[PDB]
Amino acid sequence: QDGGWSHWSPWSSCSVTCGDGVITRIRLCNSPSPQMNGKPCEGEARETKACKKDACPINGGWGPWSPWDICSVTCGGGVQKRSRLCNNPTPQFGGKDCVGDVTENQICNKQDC
Ligand SMILES: *[C@H]1O[C@@H](C)[C@@H](O)[C@@H](O)[C@@H]1O
Ligand SMILES: *[C@H]1O[C@@H](C)[C@@H](O)[C@@H](O)[C@@H]1O
């Protein structure tokens, strides 16, 4: 009794919901399975195909902070600024916006005036 392949199983769904992945389907050497010294089934027991979905969301990421602006003062109470860019990367395909402020403030040179 030589082995015989069962019918293919239904194709699975895409391995991913976005971007590229694969759909798989399987067979069993059980229709009939091989007996002792009978020929085993010839071929593949699994078949992986490829599926392509829409691009995955790209969440925003902050770029480097700009250098601190020079202090508005040399003694008592200064305020210097600093800025950011949400373009490393820029949000795309429904990705989340960067979290946080685009600009930063801080007191400086607050000392003996
Ligand atoms: C599965 O992957 C996530 C990241 C989103 O792209 C969903 O829309 C998709 O179903
Ligand atoms: C700037 O502030 C003035 C008042 C002086 O104290 C300078 O020495 C400082 O750089």
# chains A, B, ... in the order shown; residues from 1 in each chain; ligands from 1

call {"tool": "residues_near_ligand", "arguments": {"ligand": "ligand 2", "cutoff": "6 Å", "atoms": "only C-alpha atoms and all ligand atoms", "output": "VMD selection string"}}
result
chain A and resid 73 to 75 113

call {"tool": "residues_near_ligand", "arguments": {"ligand": "ligand 1", "cutoff": "12 Å", "atoms": "only C-alpha atoms and all ligand atoms", "output": "list in words"}}
result
residues 13, 14, 15, 16, 17, 18, 19, 20, 21, 52, 53, 54, 55, 56, 57, 58, 59, 92, 93, 94, 95 and 96 of chain A

call {"tool": "write_last_selection", "arguments": {"atoms": "N, CA and C atoms", "output": "mmCIF file, in the first residue's frame"}}
result
data_model
loop_
_atom_site.group_PDB
_atom_site.id
_atom_site.type_symbol
_atom_site.label_atom_id
_atom_site.label_comp_id
_atom_site.auth_asym_id
_atom_site.auth_seq_id
_atom_site.Cartn_x
_atom_site.Cartn_y
_atom_site.Cartn_z
ATOM 1 N N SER A 13 -5.382 32.376 6.499
ATOM 2 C CA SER A 13 -5.492 33.790 6.173
ATOM 3 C C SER A 13 -4.075 34.354 6.152
ATOM 4 N N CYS A 14 -3.928 35.572 5.646
ATOM 5 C CA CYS A 14 -2.618 36.211 5.575
ATOM 6 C C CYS A 14 -1.944 36.259 6.949
ATOM 7 N N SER A 15 -0.637 35.993 6.990
ATOM 8 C CA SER A 15 0.124 36.008 8.241
ATOM 9 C C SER A 15 0.235 37.412 8.834
ATOM 10 N N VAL A 16 -0.099 38.418 8.036
ATOM 11 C CA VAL A 16 -0.041 39.799 8.495
ATOM 12 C C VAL A 16 -1.292 40.553 8.066
ATOM 13 N N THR A 17 -1.548 41.671 8.736
ATOM 14 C CA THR A 17 -2.705 42.481 8.426
ATOM 15 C C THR A 17 -2.286 43.667 7.582
ATOM 16 N N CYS A 18 -0.984 43.872 7.456
ATOM 17 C CA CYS A 18 -0.477 44.970 6.649
ATOM 18 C C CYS A 18 0.893 44.556 6.165
ATOM 19 N N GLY A 19 1.313 45.096 5.031
ATOM 20 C CA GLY A 19 2.612 44.731 4.518
ATOM 21 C C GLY A 19 2.542 43.360 3.885
ATOM 22 N N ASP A 20 3.697 42.707 3.756
ATOM 23 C CA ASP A 20 3.795 41.384 3.138
ATOM 24 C C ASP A 20 3.919 40.187 4.096
ATOM 25 N N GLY A 21 3.205 39.117 3.772
ATOM 26 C CA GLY A 21 3.247 37.911 4.580
ATOM 27 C C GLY A 21 2.996 36.708 3.685
ATOM 28 N N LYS A 52 -0.116 40.193 0.021
ATOM 29 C CA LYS A 52 0.358 41.551 0.229
ATOM 30 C C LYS A 52 -0.792 42.450 0.655
ATOM 31 N N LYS A 53 -0.640 43.072 1.819
ATOM 32 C CA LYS A 53 -1.652 43.975 2.349
ATOM 33 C C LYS A 53 -1.122 45.394 2.290
ATOM 34 N N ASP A 54 -1.968 46.351 2.629
ATOM 35 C CA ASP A 54 -1.556 47.745 2.608
ATOM 36 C C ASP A 54 -0.421 48.018 3.594
ATOM 37 N N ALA A 55 0.339 49.081 3.336
ATOM 38 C CA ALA A 55 1.472 49.443 4.179
ATOM 39 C C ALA A 55 1.063 49.606 5.630
ATOM 40 N N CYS A 56 1.949 49.186 6.528
ATOM 41 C CA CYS A 56 1.710 49.284 7.955
ATOM 42 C C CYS A 56 1.886 50.729 8.427
ATOM 43 N N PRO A 57 1.114 51.138 9.445
ATOM 44 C CA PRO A 57 1.264 52.513 9.931
ATOM 45 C C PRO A 57 2.695 52.826 10.385
ATOM 46 N N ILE A 58 3.131 54.053 10.139
ATOM 47 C CA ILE A 58 4.454 54.490 10.558
ATOM 48 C C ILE A 58 4.214 55.544 11.648
ATOM 49 N N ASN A 59 4.620 55.228 12.872
ATOM 50 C CA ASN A 59 4.427 56.141 13.982
ATOM 51 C C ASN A 59 5.480 57.220 13.955
ATOM 52 N N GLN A 92 2.812 58.273 9.196
ATOM 53 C CA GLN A 92 2.234 57.942 7.900
ATOM 54 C C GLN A 92 1.307 56.742 7.977
ATOM 55 N N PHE A 93 0.384 56.666 7.027
ATOM 56 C CA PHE A 93 -0.578 55.576 6.973
ATOM 57 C C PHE A 93 -1.295 55.368 8.312
ATOM 58 N N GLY A 94 -1.738 56.455 8.935
ATOM 59 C CA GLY A 94 -2.455 56.326 10.188
ATOM 60 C C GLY A 94 -1.613 56.111 11.428
ATOM 61 N N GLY A 95 -0.296 56.244 11.290
ATOM 62 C CA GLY A 95 0.590 56.083 12.429
ATOM 63 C C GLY A 95 0.305 57.157 13.461
ATOM 64 N N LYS A 96 0.760 56.923 14.681
ATOM 65 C CA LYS A 96 0.548 57.861 15.761
ATOM 66 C C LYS A 96 1.446 59.080 15.654
#

call {"tool": "select_by_dssp", "arguments": {"residues": "chain A", "states": "strand (DSSP E)", "output": "VMD selection string"}}
result
chain A and resid 20 to 26 46 to 52 78 to 83 103 to 108

call {"tool": "residues_around", "arguments": {"residues": "region 39-42 of chain A", "least_positions_apart": "5", "cutoff": "6 Å", "atoms": "only C-alpha atoms", "output": "number ranges by chain"}}
result
A: 2-4, 29, 34

call {"tool": "residues_around", "arguments": {"residues": "region 60-65 of chain A", "least_positions_apart": "6", "cutoff": "8 Å", "atoms": "only C-alpha atoms", "output": "mmCIF file with N, CA, C and O atoms, in the first residue's frame"}}
result
data_model
loop_
_atom_site.group_PDB
_atom_site.id
_atom_site.type_symbol
_atom_site.label_atom_id
_atom_site.label_comp_id
_atom_site.auth_asym_id
_atom_site.auth_seq_id
_atom_site.Cartn_x
_atom_site.Cartn_y
_atom_site.Cartn_z
ATOM 1 N N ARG A 82 14.338 75.737 22.752
ATOM 2 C CA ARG A 82 14.888 74.546 22.121
ATOM 3 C C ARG A 82 13.731 73.978 21.290
ATOM 4 O O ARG A 82 12.604 73.938 21.778
ATOM 5 N N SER A 83 13.986 73.550 20.053
ATOM 6 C CA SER A 83 12.912 73.007 19.221
ATOM 7 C C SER A 83 13.186 71.615 18.640
ATOM 8 O O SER A 83 14.337 71.208 18.476
ATOM 9 N N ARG A 84 12.097 70.919 18.314
ATOM 10 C CA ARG A 84 12.088 69.541 17.792
ATOM 11 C C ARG A 84 11.293 69.436 16.495
ATOM 12 O O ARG A 84 10.469 70.292 16.175
ATOM 13 N N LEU A 85 11.477 68.319 15.807
ATOM 14 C CA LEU A 85 10.742 68.043 14.585
ATOM 15 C C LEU A 85 10.226 66.595 14.661
ATOM 16 O O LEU A 85 10.978 65.680 15.003
ATOM 17 N N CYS A 86 8.945 66.388 14.378
ATOM 18 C CA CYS A 86 8.397 65.030 14.379
ATOM 19 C C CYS A 86 8.496 64.535 12.932
ATOM 20 O O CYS A 86 7.506 64.503 12.197
ATOM 21 N N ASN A 87 9.708 64.169 12.524
ATOM 22 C CA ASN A 87 9.946 63.720 11.161
ATOM 23 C C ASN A 87 10.997 62.632 11.073
ATOM 24 O O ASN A 87 11.540 62.376 10.000
ATOM 25 N N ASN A 88 11.275 61.990 12.205
ATOM 26 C CA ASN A 88 12.260 60.918 12.259
ATOM 27 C C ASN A 88 11.678 59.616 12.840
ATOM 28 O O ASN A 88 12.153 59.128 13.867
ATOM 29 N N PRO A 89 10.664 59.018 12.176
ATOM 30 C CA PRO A 89 10.008 59.432 10.929
ATOM 31 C C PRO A 89 8.744 60.276 11.121
ATOM 32 O O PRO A 89 8.268 60.469 12.234
ATOM 33 N N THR A 90 8.218 60.768 10.006
ATOM 34 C CA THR A 90 6.992 61.553 9.974
ATOM 35 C C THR A 90 5.883 60.515 10.034
ATOM 36 O O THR A 90 5.974 59.487 9.364
ATOM 37 N N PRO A 91 4.828 60.753 10.830
ATOM 38 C CA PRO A 91 3.743 59.758 10.888
ATOM 39 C C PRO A 91 3.127 59.526 9.510
ATOM 40 O O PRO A 91 2.935 60.467 8.746
ATOM 41 N N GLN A 92 2.812 58.273 9.196
ATOM 42 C CA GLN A 92 2.234 57.942 7.900
ATOM 43 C C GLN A 92 1.307 56.742 7.977
ATOM 44 O O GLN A 92 1.435 55.894 8.862
ATOM 45 N N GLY A 95 -0.296 56.244 11.290
ATOM 46 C CA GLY A 95 0.590 56.083 12.429
ATOM 47 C C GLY A 95 0.305 57.157 13.461
ATOM 48 O O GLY A 95 -0.319 58.183 13.164
ATOM 49 N N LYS A 96 0.760 56.923 14.681
ATOM 50 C CA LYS A 96 0.548 57.861 15.761
ATOM 51 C C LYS A 96 1.446 59.080 15.654
ATOM 52 O O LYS A 96 2.551 59.024 15.114
ATOM 53 N N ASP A 97 0.961 60.193 16.178
ATOM 54 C CA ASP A 97 1.729 61.420 16.192
ATOM 55 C C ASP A 97 2.783 61.243 17.279
ATOM 56 O O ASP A 97 2.685 60.336 18.109
ATOM 57 N N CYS A 98 3.806 62.088 17.266
ATOM 58 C CA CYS A 98 4.838 62.014 18.289
ATOM 59 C C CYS A 98 4.177 62.507 19.567
ATOM 60 O O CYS A 98 3.229 63.302 19.532
#

call {"tool": "closest_residue", "arguments": {"among": "A:76, A:5, A:103, A:10", "to": "residue 31 (chain A)", "atoms": "only C-alpha atoms"}}
result
A:5

call {"tool": "atom_distance", "arguments": {"atom1": "CA of residue 72 (chain A)", "atom2": "CA of residue 105 (chain A)"}}
result
11.4 Å

call {"tool": "atom_distance", "arguments": {"atom1": "CA of residue 78 (chain A)", "atom2": "CA of residue 104 (chain A)"}}
result
13.7 Å

call {"tool": "atom_distance", "arguments": {"atom1": "CA of residue 66 (chain A)", "atom2": "CA of residue 101 (chain A)"}}
result
13.1 Å

call {"tool": "closest_residue", "arguments": {"among": "A:1, A:37, A:46, A:102", "to": "residue 24 (chain A)", "atoms": "only C-alpha atoms"}}
result
A:46

call {"tool": "closest_residue", "arguments": {"among": "A:36, A:71, A:22, A:50", "to": "residue 110 (chain A)", "atoms": "only C-alpha atoms"}}
result
A:71
